[PDB]
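The structure under discussion appears below in the form of structure tokens.
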Amino acid sequence: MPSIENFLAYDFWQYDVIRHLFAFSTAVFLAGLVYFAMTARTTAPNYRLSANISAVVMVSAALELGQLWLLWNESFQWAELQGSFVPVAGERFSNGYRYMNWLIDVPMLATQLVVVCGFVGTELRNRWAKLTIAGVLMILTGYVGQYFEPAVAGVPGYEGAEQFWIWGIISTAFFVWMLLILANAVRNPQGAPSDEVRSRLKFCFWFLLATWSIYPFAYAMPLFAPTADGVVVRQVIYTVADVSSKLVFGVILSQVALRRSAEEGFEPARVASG
Ligand SMILES: CCCCCCCCCCCCO[C@@H]1O[C@H](CO)[C@@H](O[C@H]2O[C@H](CO)[C@@H](O)[C@H](O)[C@H]2O)[C@H](O)[C@H]1O
Ligand SMILES: CCCCCCCCCCCCO[C@@H]1O[C@H](CO)[C@@H](O[C@H]2O[C@H](CO)[C@@H](O)[C@H](O)[C@H]2O)[C@H](O)[C@H]1O
Ligand SMILES: CCCCCCCCCCCCO[C@@H]1O[C@H](CO)[C@@H](O[C@H]2O[C@H](CO)[C@@H](O)[C@H](O)[C@H]2O)[C@H](O)[C@H]1O
Ligand SMILES: *C/C=C(C)/C=C/C=C(C)/C=C/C1=C(C)CCCC1(C)C
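The numbers in the authors' numbering rise by one with no breaks, and the one at position 157 of the sequence shown is 157.
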């Protein structure tokens, strides 16, 4: 079944805002990529994998929010007689472009925190092989329950609203579990860090927990408000949870990594940062 976007008529502002936020978190992911590729030579070689990953999750999200921008632009056309952007009769818009490119981001947003915490070799690969299982078994489960939007929302003719709940609870069951490996790789850092860079990991973890709980709120939105200004609101909180969980989180992590690479002894990070 299509999304709940194609069953509604969007006014001028209700459509312009949504395409504007699709262009905004692409002009920002094509700027974060250039920033993360320009000051990736500052972190020490030990924690430069965390800066390379940060440059990967920006190129792998620019094509995620720019291929959805095109899909949003060609799916809807203005209709002056009505006064709204009615859906076109040939193309159907689906937000599932996000959940297919969340397979490159959900793993490589905790793999770059397990790296910053100081985990090397087997201790990092084993903890990556669990997060990359918890992140492709939670997103591939929330991606099955995404297809029952018009059924949970109440569109007449569409049935199967129970699957929206069923395939949504077996996604927060892995989202909670992934936090249990992210909070045992952050409460136990390696390399004997100082008490101030040990309290910044226990901030980068809460900044990852508090931006990953906006996605359960922005999917279950057709349950609550399946309207034009419940789609406008849901593409606001999937961008305030995008530019603040792939960009702000990466920049915050690039400072706690620079603090380790300025107390271990690296000079290009000890001169350019404290
Ligand atoms: C939109 C693309 C991304 C834009 C990100 C903008 C970040 C700057 C916003 C203000 C943050 C204030 O905090 C400031 O952060 C910058 C960047 O992390 C740090 O800057 C330090 O680390 C960065 C990243 O390795 C180096 O390029 C820089 O030479 C160095 O000074 C400062 O030491 C810190 O004081
Ligand atoms: C879309 C591609 C994204 C690629 C991101 C890959 C990250 C996932 C790695 C999982 C764990 C494997 O084990 C870990 O691998 C990384 C990368 O190979 C190694 O990392 C090492 O090699 C890489 C590549 O030469 C260097 O950039 C890095 O500075 C260095 O530490 C670690 O020493 C190892 O402990
Ligand atoms: C829209 C344009 C693109 C985005 C540009 C903006 C990016 C900004 C990134 C930098 C954010 C500021 O950097 C982050 O600030 C918070 C402020 O509470 C600091 O956190 C600080 O306060 C907390 C809360 O008391 C303490 O637990 C922590 O020890 C302390 O360092 C983080 O250690 C630092 O990493
Ligand atoms: C940049 C990519 C990010 C931050 C990915 C975040 C992913 C999630 C938090 C997904 C979790 C989900 C649930 C907890 C319930 C079902 C819906 C999901 C799949 C969006």
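Positions of the beta carbon are idealized from the N, C-alpha and C atoms, including for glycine.
Residues in its own chain within less than 8 Å of residue i by CB, not counting five upstream and five downstream?
i    : result
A55  : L33, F36, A37 and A40
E74  : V88 and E91
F93  : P2, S3, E5, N6, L71, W72, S75, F76 and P87
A192 : none
Is it the case that the Cβ atoms of residue i and residue j are separated by a distance below 8 Å?
i    : j    : result
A153 : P87  : no
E64  : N101 : yes
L103 : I139 : yes
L258 : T111 : no
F29  : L68  : no
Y143 : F85  : no
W72  : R19  : yes
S245 : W212 : yes
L124 : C204 : no
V106 : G135 : yes
Could you check if residue i belongs to the surroundings of ligand 4, using beta carbon to heavy atom distance under 7 Å?
i    : result
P222 : no
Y147 : no
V106 : yes
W102 : yes
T172 : yes
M138 : yes
Taking only the alpha-carbon atoms, compute the straight-line gap between residue i and residue j and give it to the nearest angstrom.
i    : j    : result
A31  : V59  : 10 Å
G157 : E149 : 12 Å
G168 : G145 : 6 Å
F266 : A44  : 6 Å
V243 : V115 : 22 Å
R127 : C117 : 12 Å
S3   : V256 : 40 Å
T26  : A272 : 29 Å
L247 : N52  : 13 Å
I252 : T122 : 26 Å
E80  : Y10  : 12 Å
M108 : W13  : 35 Å
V17  : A62  : 19 Å
Leaving aside the five residues before and after residue i along the sequence, list all residues of the same chain whose C-beta is less than 6 Å from its C-beta, in chain order.
i    : result
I237 : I214 and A218
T141 : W167, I170 and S171
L8   : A228
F175 : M138
Could you tell me whether any non-hydrogen atom of ligand 1 is closer than 7 Å to the CB of residue i?
i    : result
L258 : yes
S245 : no
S25  : no
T239 : no
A31  : yes
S273 : yes
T39  : yes
For residue i, I'd like the list of residues in its chain whose CB is within less than 7 Å of its CB, leaving aside the five on either flank, ordered along the chain.
i    : result
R234 : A218 and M221
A269 : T42, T43, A44, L258, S261 and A262
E159 : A151
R198 : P189
* Asked: Residues with a Cβ closer than 6 Å to any heavy atom of ligand 3, in chain order?
  -> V28, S199, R200, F203, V243, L247, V248, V251, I252 and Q255
* Check each residue's C-beta against every heavy atom of ligand 2 and list, in chain order, those closer than 7 Å. => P45, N46, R48, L49, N52, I53, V56, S60, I104, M108, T111, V120, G121, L124, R125 and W128
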